[PDB]
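Heads up: the protein sequence lines correspond to chains A and B, in order. Under full-length UniProt numbering, the first residue of the first sequence is numbered 4, with each subsequent residue one higher. Under full-length UniProt numbering, the first residue of the second sequence is numbered 4, with each subsequent residue one higher. Here's the structure we're looking at; comments come further down.
Number of protein chains: 2
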Amino acid sequence: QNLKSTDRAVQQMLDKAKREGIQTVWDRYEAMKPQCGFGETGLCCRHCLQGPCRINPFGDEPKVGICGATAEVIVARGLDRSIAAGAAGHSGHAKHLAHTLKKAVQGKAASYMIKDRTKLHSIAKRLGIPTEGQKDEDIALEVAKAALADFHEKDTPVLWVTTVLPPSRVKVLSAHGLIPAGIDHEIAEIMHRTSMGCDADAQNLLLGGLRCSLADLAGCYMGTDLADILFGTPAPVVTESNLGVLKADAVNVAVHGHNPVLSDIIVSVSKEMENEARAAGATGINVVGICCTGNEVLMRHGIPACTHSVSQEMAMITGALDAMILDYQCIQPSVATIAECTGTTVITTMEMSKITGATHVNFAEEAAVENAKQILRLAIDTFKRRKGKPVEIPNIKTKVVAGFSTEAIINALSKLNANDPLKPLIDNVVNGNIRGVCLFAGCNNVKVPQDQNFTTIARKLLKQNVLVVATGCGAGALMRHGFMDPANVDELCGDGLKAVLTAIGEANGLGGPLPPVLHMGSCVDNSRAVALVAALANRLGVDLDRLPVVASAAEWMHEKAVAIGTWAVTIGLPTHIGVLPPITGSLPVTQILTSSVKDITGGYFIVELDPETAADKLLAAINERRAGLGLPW
Amino acid sequence: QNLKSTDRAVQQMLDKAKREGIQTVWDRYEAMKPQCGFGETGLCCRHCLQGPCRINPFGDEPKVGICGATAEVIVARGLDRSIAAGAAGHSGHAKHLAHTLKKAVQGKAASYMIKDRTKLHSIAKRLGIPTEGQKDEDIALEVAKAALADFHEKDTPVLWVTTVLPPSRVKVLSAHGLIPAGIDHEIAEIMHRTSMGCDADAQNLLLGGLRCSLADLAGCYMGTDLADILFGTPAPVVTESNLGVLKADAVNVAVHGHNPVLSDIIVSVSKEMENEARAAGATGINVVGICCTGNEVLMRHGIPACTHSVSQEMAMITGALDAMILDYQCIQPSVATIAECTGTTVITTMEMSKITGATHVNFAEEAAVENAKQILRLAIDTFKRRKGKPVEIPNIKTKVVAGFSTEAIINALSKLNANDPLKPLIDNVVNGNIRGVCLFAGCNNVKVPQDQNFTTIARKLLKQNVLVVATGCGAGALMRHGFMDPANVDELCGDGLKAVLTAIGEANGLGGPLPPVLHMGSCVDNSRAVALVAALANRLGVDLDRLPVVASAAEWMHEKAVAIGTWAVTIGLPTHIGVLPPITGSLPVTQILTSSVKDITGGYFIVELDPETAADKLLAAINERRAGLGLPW
Ligand code: SF4
Ligand code: SF4
Ligand code: FES
Ligand code: FES
């Protein structure tokens, strides 16, 4: 089972699933082999009913699509649609939060409110919204209307691009025509230009894809901005992770998905109903997190993280998961079928994300508390149905220090230099105590033994004094393997990095260092890493493509992650990817994405399936940036 | 070659292509066989990097996607993305016209203007825009701003849905939650809900698809509305079609694509430059149409139609095509490679639609005349390069009477009843002179011998007194086979239909009948057929799903046509489709689309590959509607 997952709690549950005859994501993957080589290489097109078309990677016919689409056109069109689909997910998330904030300040949903006034005002200033002499709800109404306006064409480009990146970067992107005009406008234009008989030039197609990836960045940044206004900016928190955070004697309720507009309510209301749970024979309600909505409530409230991504079915296999509350994205629909065996109540809540066989509870922000109580009562009923029955919760969990929003990181640094908080960080980059910064982002992928790339690359970078930050299931992988526990700094971190984490941690009074890896939040909270890197770029007076900063989507899966990797390249980062996307069927497209895009944006994809080699390549990219600034390396 | 195309001019050019070694769309199709059965049936998913996933239609594993996506989920998700891509094409077209009208009335592009004042005012009234005491440019600015507002969420739903359909139909759709909130909003939400780990319920997925198809209908209707304001509402015109409209001694210039914002200018400017063409040794500039931009200028100006869809390469094979001026959609990218053999200058003009190897001329509405002159001068240069060389233009062409906008049809009927123009049509439906109405729409498809389904079904319906209207490449197929020539009414039309076409034609002074098939324009001009059917429904006091009206996408190919077929079903029409879309891998999805959707919208897909059987089924559907109204059949 260690060929399937490096997580020992997951391995234990894979044994339970095997002996109980419950098919898992790994079993379904095994049943899919060998996977289609045309699809693997990107040499397949189904964009019209003359298809399906395919192109042999090598050899004889077919060599070209029926309409004349070449391999490079077919590969670029498919990749563009993946980017647009990822942009659509992140921006749907952000749109839902924009409507929630508008409802809250128009008095239509009293469960929601402005919780971070300082964030609201700083966002309004960044956007150029007047704050002096304005009521908070009037400022917030204006911020929410600005968010919704970025989805369509208007007099300005997308402000959640142009106001969040350094001006030198905005000029570089503007020169290549890469600034999005509207978030949904770009998504629609990708679907148009990639339809049959439209754009048929690989360079033109990929430039459209870069622009659409910035529409995705805007959705990510908007989502983080609006969630912080509504629910609070994260600050350092202590909690736990892995399956051992489940409690056999509690009502165990997992929040799963990405949008916390509902799950934040679940956390608050669950506290209200401890007594109703206690009346049913439980110790209380144990809310636990799966995937990014789990990251959201972990970051803000210290909700323990149960599991992530590829291993999400294993939480159910314990027999102790009474409810799984879903909003949307990255939910394996298998959970609805597995629940018939494990007894878990799977609850969908979003009209556009239903699963056959799951109970649906319509959630409306206007009725959020009432909906949360109906849902938690279904969970309490389920707990009663298993009272006195044996469960198998692996007794495996890690300590997790998290909550490193960019505001939190700047605040922590300010204890070393109050008026220039970024300078202590840059000082240690320059003197070599910090070699560079690496962001781990993105998913797990059944093709990769779970967490193996994340932990292997992270171990090598940390020993080389790289400051490592993480989001999404990359943060999930690292937190489940102990990388967010400061007790592991001595074993994991090089001497220079250790000194810096210790100096910052002690100056914030902890008597101990920051954790080896800084958890920066959910997938949309990759925007937080952008805010930090952009602040560093501005403080240094350079563009992002001169900073010793790289990214690694080491085990990525989702169209959302393809979008994120692409805008990491677009804003100027060397970006490692650890699973082949469908590009190898076109050498010209591969060459653009791995080499010649350097000349457009300064970033580039680093394709490397072997994580030991990936770490070497990421260190090489970091060190080349160091040399370009004239630093020793 | 008659297995490839029933068009004799196309057959002649296929022989020329064969002996000159020029590979055609039919050759590329032959090189693709056998096509992938997973893709043909819809049982393939590439929506994340754990893929590609496939499901065996029958037999053993794989039976389910790696994430747990069932066959019905995978089939519904793929179909939804095709609808969204079609909506994105039609609405990108409409958006470009909305910006052009806004530029024109803001004094920023003097080549464009309000040419149809009556249409502008009627649209403004339909939308609730005040006209009394307003300047035309102020009304038009308001209409253009309303068009752009329908692309995003706002206080109202998409008005180019709710104001164009009968109120009973809007209520039925509203009851099922099918009214679009914004055009690009719906496209984005489809891409979101169909991404990995999101919507996983086939009925929920397909309901989203119906709503997105109405976003496509709105783009179609907006495109027709705005093009008529800018360029004039079509009225009956006489011209010719097929390859014999090319002139060996003229500069032959094809306008190809869908958006006529440029091609309408080409038509006007080409007249200006007859003398510059004559100085180069040509008789003049012979502008001819391919695909829907050809239909646009055929409908408004009588520009002869050269060819359509699947056979578009054959116009180049004559050796006489000096330029091919492209905007976007349905352009085989092969034309850029074929031009190296035929000498044609292929010119792209739209930033999001380039073809490697084609000359690009940036077109801006602000500089439209100057751009048109640069382009036509490249064409004149190309004519010079072939002076004195032999060409092979098939001496084959048909007479085409066209220009039947819905306003034109109502005007023609008004000569029989001035104050109640629809009543003469309904009178003849009731007495059986007109059995019903059939709209032929959509593409040709290399899988079907070109035009064979269109002409075979049309012949049988016309003999049974069905009033036949047509758009796009369906109009193209019928016009190239003589169905728009009134001299063929005696051979083609049943006695009752003949009497009606004769009575209307004579009352409009022609001394002769209307043509056997009424050409209603381009693919977006399917909205004209909706306007006509909705007027009939309102005059009769019933909903569209009670009218003896059907549609046939007999040889369809493009994602745009999938969208059109879906909204034909959504607004309540029995809708025949003559090529299998990728649905047969899911019986539940097939059953929803062919049977149970009747209970939602009253329309339904009729899948029939055999055109003789298709005609029987379409007559059966028409006659069932007749019986439901209590009419004899
Ligand atoms: S768009 Fe071209 S390559 Fe794609 S399925 Fe259609 S004919 Fe084949
Ligand atoms: S979304 Fe599911 S079915 Fe599709 S490729 Fe990914 S794992 Fe396979
Ligand atoms: S041929 Fe397998 S992905 Fe299309
Ligand atoms: S397996 Fe052929 S279309 Fe994917």
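Each residue gets a CB set at the ideal place from its N, CA and C atoms; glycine is no exception.
heavy atom of ligand 2 below 8 Å from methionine 482 of chain A C-beta: In the first sequence, the residue the question calls residue 482 of chain A occupies position 479. Checking the Cβ of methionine 482 of chain A against ligand 2 gives no.
Complete runs of the alpha helix (DSSP H) confined to the stretch 556-585 of chain B [at least 4 residues]: 562-573
Under the three-state DSSP convention, the category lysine 402 of chain B falls into: The residue labelled residue 402 of chain B in the question sits at position 399 within the second sequence. Correct three-state label for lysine 402 of chain B: strand.
Ligand 4 heavy atom lying under 8 Å from the CB of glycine 588 of chain B: Here the question's residue 588 of chain B lines up with position 585 in the second sequence. Result no, Cβ not under 8 Å from ligand 4.
Any heavy atom of ligand 1 nearer than 5 Å to the CB - residues listed: A:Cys48, A:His50, A:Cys51, A:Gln53, A:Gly54, A:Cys56, A:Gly68, A:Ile69, A:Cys70, A:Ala72 and A:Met199
Contact set between the stretch 146-170 of chain B and chain A, restricted to residues whose Cβ is under 8 Å from the partner: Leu151, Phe154, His155 and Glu156
Cβ-heavy atom distance, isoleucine 77 of chain B to ligand 2, below 8 Å: Mapped onto the second sequence, residue 77 of chain B falls at position 74. Yes, Cβ of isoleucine 77 of chain B sits closer than 8 Å to a heavy atom of ligand 2.
Cross-chain neighbours of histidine 311 of chain A in chain B, by beta carbon under 8 Å: Along the first sequence, read from residue 1 onward, the residue named residue 311 of chain A stands at position 308. Chain B residues near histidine 311 of chain A: none, gap ~12 Å exceeds 8 Å.
Interface flag, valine 449 of chain B vs chain A, CB-CB below 9 Å: Start at 1 with the first residue of the second sequence, and residue 449 of chain B comes out as number 446. For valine 449 of chain B, the answer is yes, since a Cβ of chain A falls inside 9 Å of its Cβ.
Opposing strand residues paired with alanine 203 of chain A [DSSP bridges]: The residue labelled residue 203 of chain A in the question sits at position 200 within the first sequence. In DSSP, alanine 203 of chain A forms a bridge with B:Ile358.
One or two residues paired with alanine 326 of chain B in a DSSP bridge: Residue mapping note: residue 326 of chain B aligns to position 323 of the second sequence, counting from 1. Looking at the DSSP assignment, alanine 326 of chain B forms a beta bridge with B:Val256 and B:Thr348.
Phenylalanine 486 of chain B vs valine 471 of chain B beta-carbon contact at 9 Å: Numbered from 1 along the second sequence, position 483 holds the residue referred to as residue 486 of chain B. Numbered from 1 along the second sequence, position 468 holds the residue referred to as residue 471 of chain B. Yes, these two residues count as a Cβ contact at 9 Å.
Beta-ladder partner(s) of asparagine 298 of chain A, from DSSP: As a position in the first sequence, residue 298 of chain A is number 295, starting the count at 1. Its beta-bridge partners do not exist; DSSP assigns none.
Nearest-angstrom beta carbon gap, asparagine 448 of chain A and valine 313 of chain A [assumed within contact, 8 Å]: Position 310 of the first sequence, counted from the first residue, corresponds to residue 313 of chain A. Position 445 of the first sequence, counted from the first residue, corresponds to residue 448 of chain A. Correct: roughly 7 Å between the Cβ atoms.
One or two residues paired with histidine 363 of chain B in a DSSP bridge: On the second sequence, residue 363 of chain B is found 360 positions in, with the first residue counted as 1. Per DSSP, B:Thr351.
Cβ-based contacts, 9 Å cut-off: residues of the stretch 199-221 of chain A near chain B: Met199, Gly200, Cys201, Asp202, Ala203, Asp204, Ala205, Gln206, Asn207, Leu208 and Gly211
Residues that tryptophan 559 of chain B contacts on chain A, provided the C-beta gap is smaller than 8 Å: Locating residue 559 of chain B in the second sequence gives position 556, counting from the first residue. Within chain A, the residues near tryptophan 559 of chain B are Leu52.
Beta-carbon separation (whole angstroms), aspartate 83 of chain B vs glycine 212 of chain B, contact threshold 8 Å: Numbered from 1 along the second sequence, position 80 holds the residue referred to as residue 83 of chain B. Numbered from 1 along the second sequence, position 209 holds the residue referred to as residue 212 of chain B. Confirmed, Cβ separation roughly 4 Å.
Local conformation of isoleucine 186 of chain A per DSSP, three classes: Here residue 186 of chain A corresponds to residue number 183 of the first sequence, with the count starting at 1. Note: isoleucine 186 of chain A maps to helix in three-state DSSP.
Residue-level contact to chain B via CB, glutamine 332 of chain A, 9 Å cutoff: Counted from its first residue, the first sequence places residue 332 of chain A at position 329. Taking Cβ atoms only, chain B reaches closer than 9 Å to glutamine 332 of chain A, which makes this a yes.
Three-state secondary structure (DSSP) of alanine 308 of chain B: Here residue 308 of chain B corresponds to residue number 305 of the second sequence, with the count starting at 1. Correct three-state label for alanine 308 of chain B: strand.
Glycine 62 of chain A beta carbon near ligand 3 (any heavy atom closer than 8 Å): Your numbering for residue 62 of chain A matches position 59 in the first sequence. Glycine 62 of chain A: no, Cβ never under 8 Å from ligand 3.
Cβ-based neighbour list, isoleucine 25 of chain A, same chain, cut-off 7 Å, excluding 5 preceding and 5 following: As a first step, residue 25 of chain A must be located in the first sequence, where it is residue number 22. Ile320, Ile341 and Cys344.
Distance cut-off 8 Å: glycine 81 of chain B Cβ against heavy atoms of ligand 6: As far as ligands go, the structure on display features ligand 1, ligand 2, ligand 3 and ligand 4 and does not contain ligand 6.
Contact under 9 Å by Cβ, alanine 230 of chain A with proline 183 of chain A: The sequence position of residue 230 of chain A within the first sequence is 227, counting from 1. The sequence position of residue 183 of chain A within the first sequence is 180, counting from 1. It is not a contact, given that the beta carbons lie outside the stated cut-off.
Distance CB(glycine 581 of chain B)-CB(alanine 556 of chain B) smaller than 9 Å: For the purposes of this step, residue 581 of chain B is identified with residue 578 of the second sequence, where counting begins at 1. For the purposes of this step, residue 556 of chain B is identified with residue 553 of the second sequence, where counting begins at 1. Result yes, Cβ atoms of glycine 581 of chain B and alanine 556 of chain B sit closer than 9 Å.
Min CB distance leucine 634 of chain A to chain B below 9 Å: For the purposes of this step, residue 634 of chain A is taken as residue 631 along the first sequence, with counting starting at 1. Not an interface residue.
Where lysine 357 of chain B meets chain A, residues with beta-carbon distance less than 8 Å: Here residue 357 of chain B corresponds to residue number 354 of the second sequence, with the count starting at 1. Residues of chain A passing the Cβ test: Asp202, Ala203, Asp204 and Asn207.
Contacting positions in the stretch 15-44 of chain A - beta carbon closer than 8 Å to chain B: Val28, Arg31, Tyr32, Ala34, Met35, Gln38, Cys39, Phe41, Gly42 and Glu43
Whether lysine 563 of chain A touches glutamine 332 of chain A by CB criterion (9 Å): Position 560 of the first sequence, counting from 1, holds the residue named residue 563 of chain A. Position 329 of the first sequence, counting from 1, holds the residue named residue 332 of chain A. Yes.
Minimum Cβ-Cβ distance from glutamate 369 of chain B to chain A less than 9 Å: Along the second sequence, read from residue 1 onward, the residue named residue 369 of chain B stands at position 366. Output row for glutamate 369 of chain B: interface = no.
Inter-residue Cα distance where the pair is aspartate 153 of chain A and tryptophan 163 of chain A: As a first step, residue 153 of chain A is located in the first sequence; it is residue number 150 there, counting from the start. As a first step, residue 163 of chain A is located in the first sequence; it is residue number 160 there, counting from the start. Roughly 7 Å between the two C-alpha positions.
Chain A contact for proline 60 of chain B (CB, 9 Å cutoff): Taking the second sequence and counting its residues from 1, the one referred to as residue 60 of chain B is at position 57. False, the Cβ-Cβ gap to chain A never drops below 9 Å.
Cross-chain neighbours of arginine 80 of chain B in chain A, by beta carbon under 9 Å: Counting from one through the second sequence, the residue named residue 80 of chain B turns up at place 77. Within chain A, no residue comes near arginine 80 of chain B; the closest Cβ sits about 10 Å away, beyond 9 Å.
From A:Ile378, A:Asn491, A:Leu465 and A:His522, residue whose alpha carbon lies closest to that of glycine 499 of chain A: On the first sequence, residue 499 of chain A is found 496 positions in, with the first residue counted as 1. The shortest C-alpha separation from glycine 499 of chain A is found at A:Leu465.
Supposed contact pair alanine 480 of chain B and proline 237 of chain B - C-beta distance, whole angstroms, cut 8 Å: Position 234 of the second sequence holds residue 237 of chain B. Position 477 of the second sequence holds residue 480 of chain B. At roughly 19 Å, the Cβ-Cβ gap does not stay under 8 Å, so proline 237 of chain B and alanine 480 of chain B are not in contact.
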